[PDB]
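J.: First the structure, which I've put down as structure tokens, then a few questions once you've had a look.
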2 protein chains.
Amino acid sequence: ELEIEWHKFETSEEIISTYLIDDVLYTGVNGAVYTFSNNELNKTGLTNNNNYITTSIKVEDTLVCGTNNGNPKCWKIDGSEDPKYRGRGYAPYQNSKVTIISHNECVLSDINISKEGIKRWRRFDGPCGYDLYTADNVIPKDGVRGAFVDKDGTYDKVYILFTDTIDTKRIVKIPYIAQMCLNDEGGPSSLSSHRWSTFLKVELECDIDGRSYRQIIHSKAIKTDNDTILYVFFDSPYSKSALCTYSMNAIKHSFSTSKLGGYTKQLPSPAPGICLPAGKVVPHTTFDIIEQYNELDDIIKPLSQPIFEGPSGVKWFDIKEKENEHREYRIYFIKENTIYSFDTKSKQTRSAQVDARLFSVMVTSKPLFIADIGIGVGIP
Amino acid sequence: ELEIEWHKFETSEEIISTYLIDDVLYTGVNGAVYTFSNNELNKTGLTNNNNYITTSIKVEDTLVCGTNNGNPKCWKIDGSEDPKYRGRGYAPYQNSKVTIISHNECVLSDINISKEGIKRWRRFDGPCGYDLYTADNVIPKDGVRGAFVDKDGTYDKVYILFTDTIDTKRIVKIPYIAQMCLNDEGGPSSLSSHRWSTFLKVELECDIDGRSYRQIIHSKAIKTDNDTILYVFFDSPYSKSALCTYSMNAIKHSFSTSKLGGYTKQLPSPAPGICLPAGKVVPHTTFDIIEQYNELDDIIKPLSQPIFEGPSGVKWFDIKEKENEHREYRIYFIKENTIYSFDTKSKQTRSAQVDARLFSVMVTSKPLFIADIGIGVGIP
Ligand SMILES: *[C@@H]1O[C@H](CO)[C@@H](O)[C@H](O)[C@H]1NC(C)=O
Ligand SMILES: *[C@@H]1O[C@H](CO)[C@@H](O)[C@H](O)[C@H]1NC(C)=O
């Protein structure tokens, strides 16, 4: 059961992105950007030629970047101009799905940097160092589906989830998680000087009854006491989708200990995925290995629960820990027209119909649902 | 729509096998064997300790073999004793699904030959030659799902469809078709003297919308003018099944021309899968290759139509060409409780409910459905 109150726009404005910046909702739409907070929907127009606003990251001010008519360009929050004139790798050249995260002041994104569009995963210039980019064909043309930053004890690391499409005898999709060192310095050489030197990846695995799911929809890493737990949502070309959970501690341990797939010899002293003390640069042997064989000979198996299967075609999902109990969540996952909630404790799924073209669910303290009608806020 | 008239037994007798011998239905049940012809249901008791009758092949007389209490033993049709005392590889040691075909006088079967039960595909002693068996781990523990004999222009060849379960990093099922020379003489050596020397296999492929099906249920090869067409029915751990069709001419061409997967060098003069003139024996080099790399570097892609998708859990399927048109069939596929027909021309699927625990559909001139209640015969 769910009662949602609707703060709608004046018109049905095609949603293009939704972000949470310090419990303030930033809904990038065509034309303006909407700002939800305290049930207050402040719309701010920027331009309207094409200008699909897609990015609303926060570095120092929450700058907001869009694509004004095939030219990507940023702004300050209130339509003002960006001092640093950011905007190349911050917004796509055309309306697309993006993945752009911002740590302290360090923007990482998969957004296309040029017009042609070779897919790469980049960290842009800032406190971490100069720009970086993954070698080609590493990131699939579909893009990076999830990205989040997590401590590795002492060094920040960036994790990204994507779905590769291998094609040898038949096309097989494979879900991957990939780790990189947030403060990587680049490779050793001059050509490989702006390339990640700590990029590694493992296959995930979400099997239930011999049906293995392989297409990532969306991810979210909740931070708990002993470690953080990663919730992935897989879709399938069949009529099903499946939420799995993985223990980031198990993943980190696997990254640090497992062996590189296809590489049989002894791994060098600064082990490939390992972060390095500030200013250090990966040697050449380690880098040659880490670029040739960048996949561990392993497979991350999910936690025991909650694995569950919902409909096919879910688009978003967000978690909200129940205030009464603890480590028991309500996972609100959203389809084009129908809300669904799932309680990790009772393992029952509730549903609800809503006559709108939903786009996302965000959760700050109460699930707010971003649909083309406008925003809604939910109370059961 | 379908009206079926029911010739039922006196009791609900657990069906264990059904065969068509010259348009006579032979229904092996627990205890007796039933014989349907001209709407006449002649039951013939043989023994009743355990005696799950499973085989009703025809060599010279249609002998019928069962498993009398963990001892496999054959009989003549009318309960009489077998002169040659056949019965080892003709009936399983316990109730199981079997695959046993009979060409002219040459019984081929995957039935377990001993108590332990290593799965192999065997040709038994008779006009073709002495017994033969496939090397171990070639046939999956699930068994061989379909088998039929087809000319290769001049030499008879045996084709078998099974589903391998490869397990390297995750478990993947792979459907395979495999060809052997019916009059193979065995390998060259003394150890490999009763092993097939002409065994090869390719992957099939039944993909529809990026969903690839890999679990074979049942096969049937219809013989047409220019060639024969192979109808395979795949199941999936998801909620779907798919019928595909393959052109045996394409398969034969692929077997004769394609290259052995993993073998990069030049194939020897008596090409591996190639039948040999009577009395000839495969050389040693050809045999070493054919045993090491017995899979072609290829994949058989289905015909254009009819590919279709029906429910998950279908158990049988049989074809009946429409009397009016030609090359247009009615495919009756049967589920545990529900009949389904599918017309290749109209591409519409009809269904029908029947309150019985169906076991199979046979088609002689009118589809007769073998359920535990008894036999039924259908007219639309
Ligand atoms: C929304 O706009 C009104 C209009 O001035 C302003 O008073 C209010 O502070 C704004 N709130 C936010 C969260 O921007
Ligand atoms: C069925 O049994 C009857 C009983 O004698 C016999 O006359 C008839 O020929 C049998 N038919 C077949 C097909 O066995």
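Just remember, in the structure tokens the first chain shown is A, the second B, etc., residues are 1-based per chain, and ligands are 1-based in the order shown.
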Give the residue list for ligand 1 at 10 Å, counting only C-alpha atoms and all ligand atoms, as a count of residues only, sorted by chain and then by residue number.
T.: 15
J.: Provide as a list in words the residues of chain B at most 8 Å from chain A, counting only C-alpha atoms.
T.: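 Using only C-alpha atoms, chain B residues at most 8 Å from chain A: residues 169, 209, 210, 211, 237, 238, 239, 298 and 299 of chain B.
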J.: Interatomic distance between atom CA of residue B:354 and atom CA of residue B:96?
T.: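 Result for atom CA of residue B:354 versus atom CA of residue B:96: 25.2 Å, one decimal.
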J.: Excluding same-chain residues fewer than 3 positions from residue B:218, what lies within 7 Å of it counting only C-alpha atoms, as a short mmCIF file (atom, residue, chain, number, x, y, z; two decimals) with N, CA, C and O atoms, in the first residue's frame?
T.:
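Done, and the output landed in selection05.cif:
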```cif
data_model
loop_
_atom_site.label_atom_id
_atom_site.label_comp_id
_atom_site.auth_asym_id
_atom_site.auth_seq_id
_atom_site.Cartn_x
_atom_site.Cartn_y
_atom_site.Cartn_z
N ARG B 145 19.01 -37.28 -26.10
CA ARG B 145 17.60 -36.92 -26.12
C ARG B 145 16.90 -37.28 -27.41
O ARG B 145 15.69 -37.52 -27.40
N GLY B 146 17.60 -37.31 -28.52
CA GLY B 146 16.97 -37.71 -29.77
C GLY B 146 17.93 -38.51 -30.60
O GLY B 146 19.15 -38.32 -30.51
N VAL B 232 13.56 -29.61 -33.33
CA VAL B 232 14.04 -29.76 -31.96
C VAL B 232 13.18 -28.90 -31.05
O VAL B 232 12.75 -27.82 -31.44
N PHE B 233 12.94 -29.38 -29.83
CA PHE B 233 12.16 -28.64 -28.86
C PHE B 233 13.02 -28.37 -27.64
O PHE B 233 13.42 -29.31 -26.95
N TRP B 316 6.08 -33.63 -24.75
CA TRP B 316 6.23 -34.35 -26.00
C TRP B 316 5.87 -33.43 -27.15
O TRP B 316 5.31 -32.36 -26.96
#
```
J.: May I have all residues of stretch 44-253 of chain B that DSSP, computed from the backbone, assigns to alpha helix (DSSP H), given as number ranges by chain?
T.: B: 248-253
J.: Would you list the contacts of stretch 275-284 of chain A as a VMD selection string, taking every protein, DNA or RNA residue within 8 Å and counting only C-alpha atoms, but skipping same-chain residues closer than 6 positions in sequence?
T.: chain A and resid 155 181 183 to 189 197 to 198
J.: Near residue A:108, within 9 Å and counting only C-alpha atoms, which residues show up once chain neighbours fewer than 4 positions away are dropped, as a PyMOL selection string?
T.: chain A and resi 99-103+121-124+147+158
J.: Which distance in Å separates atom CA of residue A:5 and atom CA of residue A:372, to one decimal?
T.: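 Computing it gives 14.4 Å between the two atoms.
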J.: Considering only C-alpha atoms, can you say which of B:312, B:62, B:241, B:353 comes closest to residue B:20?
T.: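 Of all the options, B:62 lies closest to residue B:20.
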J.: In terms of the shortest atom-to-atom distance over only C-alpha atoms and all ligand atoms, which of B:106, B:59, B:33, B:98 is closest to ligand 2?
T.: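 Using only C-alpha atoms and all ligand atoms, ligand 2 sits closest to B:33.
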J.: Show which residues sit within 10 Å of residue B:200, as a count of residues only. Count only C-alpha atoms, and ignore same-chain residues fewer than 2 positions away.
T.: 22
J.: Within 9 Å of residue A:70, counting only C-alpha atoms, which residues show up once you throw out same-chain ones fewer than 3 positions away? Write them as a PyMOL selection string, please.
T.: chain A and resi 50-51+67+92-94+115
J.: What is the atom CA of residue A:336 to atom CA of residue A:163 distance in Å?
T.: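 So the answer is 21.9 Å.
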